[PDB]
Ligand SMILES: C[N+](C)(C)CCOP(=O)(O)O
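Shown next as C-alpha cells: one chain only, the form deposited without the ligand.
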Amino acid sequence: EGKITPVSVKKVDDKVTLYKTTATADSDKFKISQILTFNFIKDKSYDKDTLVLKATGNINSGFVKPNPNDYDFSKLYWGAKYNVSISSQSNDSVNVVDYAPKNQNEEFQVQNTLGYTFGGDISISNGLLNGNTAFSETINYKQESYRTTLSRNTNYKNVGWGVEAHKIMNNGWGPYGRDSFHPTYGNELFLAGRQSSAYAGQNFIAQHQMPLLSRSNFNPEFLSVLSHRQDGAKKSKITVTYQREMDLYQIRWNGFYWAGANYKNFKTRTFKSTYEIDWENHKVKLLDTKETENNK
C-alpha cells in the first residue's frame, strides 16, 4: 500500500533545523490517496516546536455515468464536494495555530505560501519572503467551477476545508450548483436540451463539458501548522480525513419538457488515517486507517 520515509535533516542555523518524513496511506476501494509530508521545525530562539504538515494526494470523483438507453428517466453520480480534515486528537500541549488556505477562495487555482521566520513567526500569503525566512512551503491546486471554504468546526485542535461545486456553466447557461431550481426545469445543472427529443441518458451534457472535479478527481494541497509547547508529553496523535460527497443528478420527461433534480450527498465515501507524531525524535507512526461510507 504505502509507508513512511526515514527522517531527513536540513540544518539552517545554530538555532533552526528542519526534519522531514512523508507518510502515504491509500484506500484502493474508494480511490483516495493521502500523502502527508511532516516538516518539524526546531528553532532554539522560540519556546515552541512547530510542525508544518502538508497534505497532498488524490480523491476520486466517484462519477457514475448514465446508461444511454434510459428513455424518460435517467440518473448520474458526480463529485459535488471534497472535504479534508486534520485533527490533533491528544496532548493539550499541541494546538493547530495556523493553516492554508485560510480564506474563501473561488479562483480556478488556489495558491498560497507559508513562511517561517527565525523566532517562530509564521505568515501565509496569497501567491507564490526569502533571506528572512527559515522555511517555506506552498499549496497549489486546481478547483475550476468549485469554491474552497473553511469547515465551521475549525479551532485550537482541528482544521478542515471544503471544495464545493460553485459556478458550473452548462454551456452559455448557468452558473448552476447543487441547489439550483427553476419553476419549470428544476435543477438544470447537467441538463442538455430542455425540449430535446433524445433519450434521458443522452440528454446530459458531455462529460468533457463537465468540470474535472465533477467527473474526474481532486488533487488536494493543504497546510496545517501545529505547535508543541515543550512539556506534558512528547507524543501526540493526529487524524487526517479525505472525503467526497457524491450527488445523484437525475432528469425525466413528463410529456412536454425535461426537469432535473439533484440529491446532495446521496452517497459519501470517507478515508481516515491516524498517526502518532513523535515530537522529540521527529517521526510519525501509522496507527489506523478506517474506510467508511454512507448511502441514502
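So that there is no doubt, residue numbering starts at 1 and follows the sequence shown.
Just so you know, the form solved in complex with the ligand exists too; it's not on screen, but the next bit is about it.
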query: In the bound PDB entry, the one of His166, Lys102, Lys157, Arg194 near the ligand [non-hydrogen atom within 4.5 angstroms]; finding: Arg194
query: Contact residue in the bound PDB entry, from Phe73, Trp173, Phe108, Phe181 (heavy atom within 4.5 Å of the ligand); finding: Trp173
query: Residue stretch of 83-91, 209-217, 173-181, 113-121 approaching the ligand in the bound PDB entry, non-hydrogen atom distance within 4.5 Å; finding: 173-181
query: is_contact(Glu188, the ligand) in the bound PDB entry, heavy atom dist at most 4.5 Å; finding: yes
